[PDB]
Amino acid sequence: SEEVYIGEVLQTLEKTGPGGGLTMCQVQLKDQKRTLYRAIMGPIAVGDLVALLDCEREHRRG
Amino acid sequence: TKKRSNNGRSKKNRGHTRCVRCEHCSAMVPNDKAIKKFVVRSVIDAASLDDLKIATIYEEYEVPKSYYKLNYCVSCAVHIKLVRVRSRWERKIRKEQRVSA
Amino acid sequence: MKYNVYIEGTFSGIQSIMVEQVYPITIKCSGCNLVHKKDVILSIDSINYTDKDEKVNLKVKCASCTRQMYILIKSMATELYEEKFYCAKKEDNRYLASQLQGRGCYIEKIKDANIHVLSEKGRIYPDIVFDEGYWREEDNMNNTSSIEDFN
Amino acid sequence: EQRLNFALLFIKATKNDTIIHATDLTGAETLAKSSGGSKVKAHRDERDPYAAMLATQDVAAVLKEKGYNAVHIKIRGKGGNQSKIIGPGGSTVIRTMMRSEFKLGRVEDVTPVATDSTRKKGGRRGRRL
Amino acid sequence: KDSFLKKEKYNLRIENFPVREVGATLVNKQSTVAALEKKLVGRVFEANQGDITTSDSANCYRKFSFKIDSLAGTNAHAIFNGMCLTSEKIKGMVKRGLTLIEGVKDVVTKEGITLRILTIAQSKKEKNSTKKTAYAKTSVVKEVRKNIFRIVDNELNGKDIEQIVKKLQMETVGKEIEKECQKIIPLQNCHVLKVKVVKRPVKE
RNA sequence: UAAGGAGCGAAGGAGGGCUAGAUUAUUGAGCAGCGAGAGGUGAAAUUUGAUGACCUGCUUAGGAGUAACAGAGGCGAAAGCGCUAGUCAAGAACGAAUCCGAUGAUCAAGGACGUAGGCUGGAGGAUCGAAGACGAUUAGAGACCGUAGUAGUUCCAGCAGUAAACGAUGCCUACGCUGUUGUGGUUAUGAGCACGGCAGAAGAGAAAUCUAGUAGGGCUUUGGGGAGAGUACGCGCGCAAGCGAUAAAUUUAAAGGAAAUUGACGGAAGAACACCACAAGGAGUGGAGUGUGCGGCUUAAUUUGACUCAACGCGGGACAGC
Ligand SMILES: [Zn+2]
């Protein structure tokens, strides 16, 4: 079923993964206090909006 | 020719010392010569703490840690890259390494 | 992993079944569980080596996890007919053609095998083709050779 | 609503294999049991995080049938005079049990340490490779 | 043939704690009370102090052990069988640059049970001091250990089990040791580490 | 006497012998639960399991060991010594207005101790494991790896006498720069005495470095270019294994002799870089027929160079004659 959370990217940190495909990012959710750390794989600009399937799964390494 | 002033070991003012066994190959190595490594590892991985917060029955929970001291012989320490070959002036520098997790 | 290649069916008028030790196979990597994108030809005459100099009939690198996969054919043939054809070993109601030994992979499917029949009258039928699991031939002396329910 | 009906879960995690085994609180009655080697084919995969995860699901299913809801976890490596680090796979059994519905009680490391010990295998030189 | 269907649950009950009932155990169904006694009696379980009390979440470092003793209807009654600190506590306590002090002693209850007790303490580094280590001299360690034994003898010897269990709950022995031995040297982490039942008297 | 021995006071240490106890762990048996695999590796096979393994309970029986704390920390003549109480002798250092008075240094001969492995007799036998036997790998493995397995590994009474028994630096006794950090006593609290570690300096040395500075202080061991040779004959010890001590003939211009310098090499380690590298993306080649070059075979002749990148529509090599 189509659960979704929309989150705003505030910072990018590190090019990451084999071949440097991913970017570590900090994201704040739009309607909750939660702020997460996540890896994202496309090109990303600060102030982008991204759609998450989970509000909890995290990349603690930051 | 003599490569190190301390013969590569920490024994002074003694005849003989206890042996210990290498973690990687079980070889005997003298305690005062063995390469030592300290570990403090959480029982639960960082990628699960966000599930733990909804799984636990308690109001708050502190994850248990696990503690280890590991010993290595020269060959294993070099091969596993705990230590590396260094230049004639670098050999003399002594500094404490980090505790692993 | 070890896999025995049996030829199963109802055999009439057949002295021996002979099998080309050339198998089009589907392989799955035992590391990442991904199926290889194409079938691979496993042949007894293909000579390859592991990274430890062991002879194998197939060496394939998994495209996803880069792991090496190896397969060796052990012919279970009791004899070579005309020095060319591997006579499958008769076992009760079936024929044991070969044993495939996989390392780093699973064999998921054998697609086809080229089969030759030696009749009880000493006639060879090369490269027999099954229609819906059936094969039948008659000689000039009205002797029938047949395979039914081929698997 | 319902009270928490608890079982014990024991986990062994070596370099070679992983064993998972549920019991009553007394340890004297067995409810369900599995291993990494039960589900996988190749011998090199019996320690695999994946094989551990498959094997955990079967155990979780049988417990849900027998009507259990909550679990205490006691986890170990081989110990004695051998290796005393928890092997790969051990920490994926626990995360899997949490994706299934089960409530987690308490976790404890119960590896058998020796105050001093009998002589280890391998001779004075050790394995050469 | 689903043998699981043919099993009887019984509830475990305990005494001298705030929580009376702690769980339930299975057995195959049997015809004769003598068989059920021989099957259930002799079993053992363990419980964390934090589960059998209402208490500060800090007190989770200790476990109590109980042995099944008697059957009445739905209920099995169980008796005190020992105490133990959790592995995380023992391993986390030891630190480099300090001395450990350790002791073993045997005591007798008024009920006739004999108990063996293990005890631990650690030296402490004083403030306004600049030396890297705070080891204790070997002769001084013998003074502390001598004192510990008279404290344990005074607190626990010739008492009832109902009295012992509450002393263990409230951690009175640790507290007494830190008070009494401060004159010899400063100490920290004083605890009863393990309690083990050695002999139970032949009784009916 | 900042020479020695005897003695007094308070204290310190894994120094040694004996007596009585201890928390776990590894194996083995008994019984109970469960119903299919366990073990081992880089990857696998020997091997073991429905006579119920593995894993989880409760009982027991043995014989070793003292984890973490634990260190450029302590003790001992060296070899060596790490759980807790009690007991028995002697020693080192320190404090100080105790006693005797040259009793001392070093040492052929002679005597006592000496890790481990070995030997003679008794006790015992958990774990580990020479020999021996298998499974794999290899051209071959008798080896390395895995399964298993005996003498030994432990104790008491003895024999033996060797180690890279090394800080590769003899023992007493002197004269000698600074800073820092330990251990045990004592203190006018300023410091000392004994036993150490570390970092410079100055001198020294072929250098590396410094137990190596200064010097006709005393006494013992010991070397004299490589080899043959720590071998032969004789002798002394030992149950044996062997050990101690020690030659000639013959050969040869240097000696894998010492340390330091530059290259070449390695199956090392560490940083960098690049679609003629890769990762994420496009078009193909490898399969068919034909065109063309290379090897092989044939022929009277099928003329010939070139072989990893950096040989093979390459030798301006599309040959009817040229
Ligand atoms: Zn090693």
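Taking amide H positions as placed 1.01 Å from N in the peptide plane, with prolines and chain starts having none, which residues 5 or more places from C:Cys32, or on another chain, fall under 5 Å of its amide H? Residues meeting the criterion, in which the H sits 1.01 Å from N, do not exist here. Karplus-based coupling profile of region A:33-40, in residue order and whole Hz: 5, 3, 10, 10, 10, 8, 9, 10, with θ = phi - 60° in 6.51 cos²θ - 1.76 cosθ + 1.60 and x standing for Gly or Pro.
The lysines whose alpha-carbon is closer than 20 Å to the alpha-carbon of A:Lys33, local same-chain residues fewer than 8 away aside, are B:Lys53. Packing-based ranking of D:46-52, C:92-98 yields D:46-52, C:92-98, ordered from highest to lowest mean Cβ neighbour count within 10 Å. Taking the number of Cβ atoms within 10 Å of each Cβ as an exposure proxy, the fewest-first ranking of C:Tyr6, C:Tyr70 is C:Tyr6, C:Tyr70. Residue order for A:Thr16, D:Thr115, D:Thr56, D:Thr23, fewest other beta carbons within 10 angstrom first, comes to D:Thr115, A:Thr16, D:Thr23, D:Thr56. Across peptide B:55-62, the average count of Cβ atoms from other chains found within 10 Å of a residue's Cβ is 6. Highest average first, the peptides B:37-48, C:135-146 ordered by how many other beta carbon atoms sit within 10 Å of their residues are B:37-48, C:135-146. Kirkwood hydrodynamic radius of the protein assembly as shown, from the reciprocal of the average inverse Cα-Cα distance over all distinct pairs: 31.8 Å. A simple spin-label model places the labels of B:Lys2 and B:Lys92 1.6 nm from each other, with each point 7 Å out along Cα-to-Cβ. Taking amide H positions as modeled 1.01 Å from N, with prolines and chain starts lacking one, the residues under 5 Å from D:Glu29 and 5 or more places away or on another chain are D:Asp24.
Look at the alpha carbon pairs under 8 Å that are at least 6 residues apart: their mean separation over the length of chain A gives a relative contact order of 38 percent.
Within chain C, the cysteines lacking any other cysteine Cβ closer than 4.7 Å to their own Cβ are C:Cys87, C:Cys105. For the segment B:26-33, counting C-beta atoms of other chains within 10 Å of every residue's C-beta and taking the mean gives 3.
Neighbour counts of other Cβ atoms within 10 Å put C:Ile110, D:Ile20 in the fewest-to-most order C:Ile110, D:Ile20. Dipole magnitude for the protein assembly as shown: computed about the Cα centre from +1 point charges on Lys and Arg Cβ and -1 point charges on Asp and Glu Cβ, it is near 6240 debye. Summarising the amide proton neighbourhood of C:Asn114: residues at separation of 5 or more, or on other chains, whose placed amide H is nearer than 5 Å comprise C:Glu20, C:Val22. Pairs of Cα atoms nearer than 8 Å and 6+ residues apart set the relative contact order; for region E:1-147 it is 16 percent.
The numbers here are math on the coordinates, done by the rules we state, and not lab data. Positions of Cβ are backbone-derived with ideal geometry, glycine not excepted, and every protein chain shown enters the neighbour counts.
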